[PDB]
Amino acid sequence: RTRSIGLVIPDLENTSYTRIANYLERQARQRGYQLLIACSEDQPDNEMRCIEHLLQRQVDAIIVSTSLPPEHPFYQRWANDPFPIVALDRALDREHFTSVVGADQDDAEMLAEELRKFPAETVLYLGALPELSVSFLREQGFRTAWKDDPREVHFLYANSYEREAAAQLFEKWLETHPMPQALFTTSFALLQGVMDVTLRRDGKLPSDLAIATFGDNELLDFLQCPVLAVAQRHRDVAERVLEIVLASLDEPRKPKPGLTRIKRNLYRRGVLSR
């Protein structure tokens, strides 16, 4: 017992991971628990050796945001081990591990439901990598809220979740199709890309466009148009992850394996903050 918990995440560069790490650090310190941050750079081999380096340092538990294909046999080593691995953001084997993930589907529905209330003839759904779950979960939540609505929705998918990729595709798409009144993006990076194109061409970012995006930024309040944004309950996430770590260490018999979900918060910015 070193009264310490390993936390493996991609990097402390992403605000989402950092804010959760922030809330978790102040959470853990509060109970005389140290937190050991070992980043993977989202590389599988790095993660595996970040794990053992925590084990070498007599860590009491690990919290992981795994980059492996979860089933990958590495974590099946601790499948029936009382040593607790608690997953964050990206789930582990749902039969041998507790995982705190988000509720992308219900989130995407809520956000989509809200955007639809805005008048707009032409609508554009912009995502990326529909092969992935986060991409599909979000599309499904959206399609759910736009089921019996008459309006046609143009769907457009980029090769990656990047600013440049979105910029290129949206610009190419503007040749055939015209500018939309309503927009739905599944990451902030996509919206950036779309905005770059609108700053080009127009010179002026829009004041006649309902924006709806995943991820949140406070600087969206300066925009001249209505924007809707969803972001994680970073603190509420941290609480739940830690409660499970403590339950496994303290209580007799660990919590049930499987997913537990936490919904995002909606934010009305741009003109909706006035």
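The first residue of the sequence shown is number 1, and the count goes up from there.
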For this session: Tell me which of 214-222 and 66-74 has the higher mean C-alpha B-factor in the deposited entry.
Result: 66-74
For this session: Would you determine, from the values in the PDB entry, which of 247-255 and 5-13 has the greater average C-alpha temperature factor?
Result: 247-255
Exercise. Say you rank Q192, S99, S187, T176 by Cα B-factor from the PDB entry; which sits at the top?
Worked result: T176
Seminar exercise, completed: Tertile call for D236 (CA temperature factor, within chain, third-based) is the lowest
Seminar exercise, completed: On the chain's distribution of Cα B-factors, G203 falls within the third called highest
Exercise. When the modelled residues of the chain are sorted by Cα temperature factor, does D107 land in the lowest, middle or highest third?
Worked result: lowest
Exercise. Would the CA B-factor of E139 place it in the lowest, middle or highest third of its chain?
Worked result: lowest
Problem set entry | For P150, the third of its chain into which the C-alpha B factor falls | highest
